[PDB]
Structure formats: C-alpha cells, structure tokens
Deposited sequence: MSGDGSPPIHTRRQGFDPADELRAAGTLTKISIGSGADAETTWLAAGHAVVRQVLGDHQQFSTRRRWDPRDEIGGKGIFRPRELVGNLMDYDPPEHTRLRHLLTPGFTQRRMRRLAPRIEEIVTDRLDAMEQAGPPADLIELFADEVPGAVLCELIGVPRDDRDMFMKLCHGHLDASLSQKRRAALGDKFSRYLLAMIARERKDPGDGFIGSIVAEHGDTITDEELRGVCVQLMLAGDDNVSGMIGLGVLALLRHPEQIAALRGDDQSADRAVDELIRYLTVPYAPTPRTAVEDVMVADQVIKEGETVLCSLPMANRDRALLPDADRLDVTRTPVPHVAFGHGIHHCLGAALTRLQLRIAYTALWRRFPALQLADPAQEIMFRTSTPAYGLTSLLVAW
C-alpha cells in the first residue's frame, strides 16, 4: 500500500511520520508534501499548480465533466460561481429538519433491532446517502432505486455488462430530473441554479455535477461518523461537548474532522512551471501529492496536534482543502455531523462498545479512512 495511505489507529503511521516535509516517493515520480505551510501553498497557488488530469474545454473527457477538481481557473471559476446558488445559507437551514428526520429513522432502526447492533451497517452507512438525495432533490420515493443506480455503476464485483447497464440508467434518471426541473423549477438544487443561470449551464454539466456530489459526500461522511463515535468512546470525558449548546458541539465536530482527517490526499497537482517549495525546486510537469493527515498533525498548526481536544478553538486545518477548491460540502458536513453525534447520545446516553476486546475493523480500501463495522450496546 502507498505510504501516504497508511494509518496506525487514528494517527498517520510511523513510516509516514518519518517522511519529511517534502520528499520524492514512488507510487513513479511524485512529490509527497506533508508540512502544513507546504500543503497550503500547493493547494492554493493555482498559478503554479494545476489539478487537471494529464484536455480543457470541449476536449475534456465525459467522465470528468462537472468535476470541479479537474478544472483550473477560469473554467473552474465559471462553474463554481454558477453552482453557488445551490449552497446558500438558506439552503442549509431548510435541509436541517430533513437531516434530523433522516437521523431519527436510523436511530429508530437501531432501537428496533435492539442491542447489540452494528453502528456502521445501520447508521453510519445510511445517513450520508439519504442526506445527499435531500441536497440535490431526489424524490422521496426514489431514494432507494437511486442509491442502487449510484452504487451499481461502481460495484467492482459486477461485470462490465452489468455496471455499464446500470451506468446508462443512472444518466437517464438525472437527465430526466434536470429536464423535468428545468421545464418547471421549484426550490431545490437544480431549481435554484437554473432559475438564475439557465442559459449558461448545460444539462451535461448539471448531470456531471450531480454524479460527482454523490461521489464526493458519501465515503467521507460515513467514514467520519464511524471514526467519530469511536473517537469519543476512546476519549469519554469529551462526550460532554455533545450535550450542551450548538457552539460547543460545532467546536467538537470541527476538531474531530481535523484529528481524524478521513481523506488521505486531495487531487494530485502538476507543476505548470518551475516553483520553489520548502527550499526545493519542483520542475514543470512534476506531480505533487499532499498528505492532509500529516498536514493536520503539523505542530506548527497547533501544539499537541496529536491529542484530541473538542474544547479547543478552531484552527485553519486542511481536511477540507484550502483556497479555490475548498470543499463545497463543508457546511453540510458540519451540520449533519452535529445532528448525528448529538442525536446518537441523546437516544442512547449509555452507548458503549458491545465488548471492549472486540477488534476494530478499519476501512482501508476506499479513498476515505473509516470503519467497516462497529458493534455497540446501550
């Protein structure tokens, strides 16, 4: 496994810690950037670093259309500006009752199944996908078929005939939804965007964007819920931060994102020209991989970065990236994580590992760290 994907419990592995701020490693020829200063520079200075997979404009592959991470300015600048109406603060406030209802249903399922039960299978793996459907406006009756089509086109256990057949039905439903939404836009993700930029944004872009959001906000949030619940059980005096006001909980959630930093790396950058980084020159065309988990344990970011402390004041961590590509789902993640953790200990105040000796089953195969299962009792 690539060294930048190795964890040791909640922490980056020792051999990852042993790599410098900036070193060349092999996957080929690629820089590993691990300091906080150095990572902020690579992620923000889009004047010297491109994210495009090495092909702009009409010549961009269909699989990357609508994926802002493959866009540089000014192409990036246009599409992100055009999606901004779907992420207003009014949007988040209306989604909150819907996230509360989704969280309650999953707690009910856990409470119906009786203890002990798998938190990952019944709670952490179900919420983020239902939340995303609310975001983009999938009908409430189609949530189950939609998630089937969404996972179906990527299930590596399926053949090329099966996955491609499911991928074609996926692109039909969205194009159906967008054209249906375009002809009569109410309030929602598609509706808010086309009512304001209907002439500037194509259905191919709007389809591409909806697909990419499903992929952007699922593995990351489910990972956060599992690791977060286990993080609090291992630091039991910090559960109290989830039993007060919203400021106390929001502060805890943002510390949990930084401490756990579920994604191993952001999109690879390519040097557009010779650029100085940490007293070393990166030649044009060379690749730079960023370790977000090492960046968020950098003791320049904060002393005792390796300790979890949900009462501490937020700091400029890079778990959501930095600069123009900063996670478009950040506010949504903060909201739904606050609703989930808070509701969980409110329904099950006496939550605990079902058996403290059980093995911890870490998710290591996906782009986001997490757990594959977690039996608990209450």
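Gaps between the deposited sequence and the modelled coordinates occur at 1 to 6, 34 to 39, 67 to 74, listed in sequence order.
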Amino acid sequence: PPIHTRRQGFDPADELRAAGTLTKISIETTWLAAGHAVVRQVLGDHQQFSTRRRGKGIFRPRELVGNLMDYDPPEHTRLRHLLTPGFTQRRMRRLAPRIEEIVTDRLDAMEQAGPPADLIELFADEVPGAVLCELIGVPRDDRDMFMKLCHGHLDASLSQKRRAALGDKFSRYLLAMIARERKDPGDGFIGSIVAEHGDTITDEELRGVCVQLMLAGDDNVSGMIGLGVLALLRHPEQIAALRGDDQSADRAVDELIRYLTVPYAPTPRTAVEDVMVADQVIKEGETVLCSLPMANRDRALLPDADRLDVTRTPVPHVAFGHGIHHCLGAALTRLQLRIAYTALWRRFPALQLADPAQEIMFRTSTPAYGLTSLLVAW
From here on, numbers count along this sequence of modelled residues.
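Two stretches are in play, 65 to 73 and 28 to 36, and the higher mean C-alpha B-factor belongs to 28 to 36. Of the two segments, 229 to 237 and 272 to 280, the one listed with the higher mean B-factor is 272 to 280 (C-alpha atoms only). When the Cα B-factors of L174, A96, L308, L79 are read from the PDB record, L174 comes out highest. When the Cα B-factors of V209, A130, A179, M294 are read from the PDB record, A179 comes out highest.
Among all modelled residues in this chain, the alpha-carbon of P263 has a temperature factor (C-alpha) in the lowest third. When all modelled residues of the chain are sorted by CA temperature factor, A13 is found within the middle third.
Among the modelled residues of the chain, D203 sits in the highest third by CA temperature factor in this PDB entry. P316: CA B factor lies in the lowest third for its chain, per the PDB record. Annotation for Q89: C-alpha temperature factor in the highest third relative to the rest of the modelled chain, per the entry.
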